[PDB]
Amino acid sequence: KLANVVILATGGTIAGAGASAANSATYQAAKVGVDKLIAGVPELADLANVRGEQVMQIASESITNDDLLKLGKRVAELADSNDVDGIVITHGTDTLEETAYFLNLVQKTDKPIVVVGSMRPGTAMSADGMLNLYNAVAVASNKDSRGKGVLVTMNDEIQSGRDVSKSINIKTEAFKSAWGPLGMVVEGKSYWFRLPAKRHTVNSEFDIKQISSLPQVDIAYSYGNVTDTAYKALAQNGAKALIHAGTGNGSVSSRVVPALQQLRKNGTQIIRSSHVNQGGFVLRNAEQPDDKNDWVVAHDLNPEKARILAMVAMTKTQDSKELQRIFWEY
């Protein structure tokens, strides 16, 4: 018998519509409901027994921490049901990478959780969403998908939710990871070539069920002639930790260092990421004396991903050395 898969719809370009078939870049996100999304891929019925549920209808650049929590807690509920074998989430692409990393850290289940979007609205010619959705249900349907962490299925690939990032605009190959795809999905079949090495889902020390609301964490960008202005304003407005999106290896301008020392003395966690996001990672004590200043290094995680990990980490700890540990395992 077919697996039981629930599609949780959250909006996005995959649910969007444009004026004509020629409109693949200019359209409205989050205009179509989950039942109409489902009826557009009749071939779904042959993969799984599927049901749809509209959680929200948003354009994903306008997502809030509360939306995240509400999504997280609805996933946890479905994962708890015997009636559910896998979960597919349809999501806008802009912050898909943030939602997928969140769910990877806090859902303690090894049922397949698959996040899926599209780079063209369903009304464009050569719209990518139908096969992307098919593939998502195909991977969520598969017993081989269990225990692999949160997965995203776009462009015929199986990408890890941890480190897949929207790296290329316009094109359907928008999502890349520095460490490669985990496998591919072709004609309903999954093919695996690599496994995750970082902690996730069922071996996570975090749990969406214990989390009532997330700490405020914000990101400041760095570049030539940058001042401490945005750093202090964000901290003043209540940020519990600041992600520093540095040049190069999380480097900090000499004019900004003292602001960060004092912000740290005042209890704000300082996490050194970078805007050098195709590969490599930020080294502890290389650019700055992190031990001396009690700063944390975000390893390979880009700024918007380092924010998600910091938020979740800080529901359990505000020890800087523990936060570094967490940035080195997850």
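Note that residue numbering follows the sequence shown and begins at 1.
A.B. asks: According to the deposited model, is the average Cα temperature factor higher in 167-175 or in 196-204?
C.D. replies: Of 196-204 and 167-175, the stretch with the higher C-alpha B-factor average is 196-204.
A.B. asks: For the higher mean C-alpha B factor in the entry, choose 186-194 or 140-148.
C.D. replies: Mean C-alpha B-factor is greater for 140-148.
A.B. asks: Identify, among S118, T123, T153, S213, the residue whose C-alpha carries the highest B-factor in the deposited PDB entry.
C.D. replies: Answer for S118, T123, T153, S213: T123, with the highest C-alpha B-factor.
A.B. asks: Which one, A100, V106, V84, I158, has the peak C-alpha temperature factor per the PDB entry?
C.D. replies: Among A100, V106, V84, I158, the PDB entry lists the largest C-alpha B-factor for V84.
A.B. asks: Ranking every modelled residue in this chain by its Cα temperature factor as given in the entry, which third contains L37?
C.D. replies: Highest third, going by the recorded CA B-factors of the chain.
A.B. asks: Of the three thirds of its chain by CA temperature factor, lowest, middle or highest, which one includes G224?
C.D. replies: For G224, whose C-alpha B-factor we compare with every modelled residue in the chain, the answer is the middle third.
A.B. asks: Lowest, middle or highest third: where is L242 by Cα B-factor in its chain?
C.D. replies: Ranked within chain, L242 CA B lands in the middle tercile.
A.B. asks: With respect to C-alpha B-factor, does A29 fall in the lowest, middle or highest third of the chain as deposited?
C.D. replies: Highest third - that is where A29 ends up once the chain's C-alpha B-factors are sorted.
A.B. asks: What third of the chain does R74 rank in for C-alpha temperature factor, lowest, middle or highest?
C.D. replies: Tercile = middle for this residue's CA B-factor.
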